[PDB]
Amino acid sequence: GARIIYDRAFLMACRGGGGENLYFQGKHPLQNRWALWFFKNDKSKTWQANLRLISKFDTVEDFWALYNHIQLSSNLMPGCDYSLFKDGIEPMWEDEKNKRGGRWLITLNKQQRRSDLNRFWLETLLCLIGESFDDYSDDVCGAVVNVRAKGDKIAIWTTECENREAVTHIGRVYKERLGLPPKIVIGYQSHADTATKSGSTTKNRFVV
């Protein structure tokens, strides 16, 4: 009665349609159901009005259908954010599953939009849907991409910043899967520190 885990190679092989899905039993179930959110930035609107749920999915094939659809139907607008979160967790730090939590953060420079945004974001998505952090995948809430003019942010959000073992294992595996050099250190920030603006930086509770 075990966790459903997909490595990167298996998820890539399941890409590009193909499956007949006979008996509604030929699709590959995910451990969790996931919801894709969009948060727009315009028209003098409340935080709630700008957050929109796009779509939910709980198979590898339906992930790839949505991915292929967004990849062909959507263009990149700064001010926007996309978030993939487990079903029942809103992509806001005030949520019961995020308020005690935080994020592993990747910051991309202006150059790296064109070179690394799509690659790093896909690798992040596969880490989530594939349950890549072993038992510590349960600490994962979701992932956020902030598209910005200064430079783009990609983050894995986790549920509890005081779970050092879980947080640091997520961190180490994520950095490995992004193929980041050991010189490039990524930082974990409590959402409670990120919420308070106190200077040019937020404190990192952990680094890998």
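Note that residue numbering begins at 1 and tracks the sequence as displayed.
Chemist: May I ask you to compare 66-74 and 148-156 by their mean CA B factor in the entry and name the higher one?
Modeler: Higher mean C-alpha B-factor: 66-74.
Chemist: Averaging CA B factors per stretch from the PDB record, which one is higher: 76-84 or 103-111?
Modeler: Between 76-84 and 103-111, it is 76-84.
Chemist: Compare the CA B factors listed in the entry for 32, 163, 55, 48 and report the winner.
Modeler: When the deposited C-alpha B-factors of 32, 163, 55, 48 are compared, 48 is largest.
Chemist: How does residue 139 rank on Cα B-factor within its chain, lowest, middle or highest third?
Modeler: Ranked within chain, residue 139 CA B lands in the lowest tercile.
Chemist: Taking the entry's C-alpha B-factors for this chain, is residue 168 in the lowest, middle or highest third?
Modeler: Lowest third.
Chemist: Pull the Cα B-factor of residue 178 out of the PDB entry and bin it into the chain's lowest, middle or highest third.
Modeler: For residue 178, the deposited C-alpha B-factor lands in the middle third.
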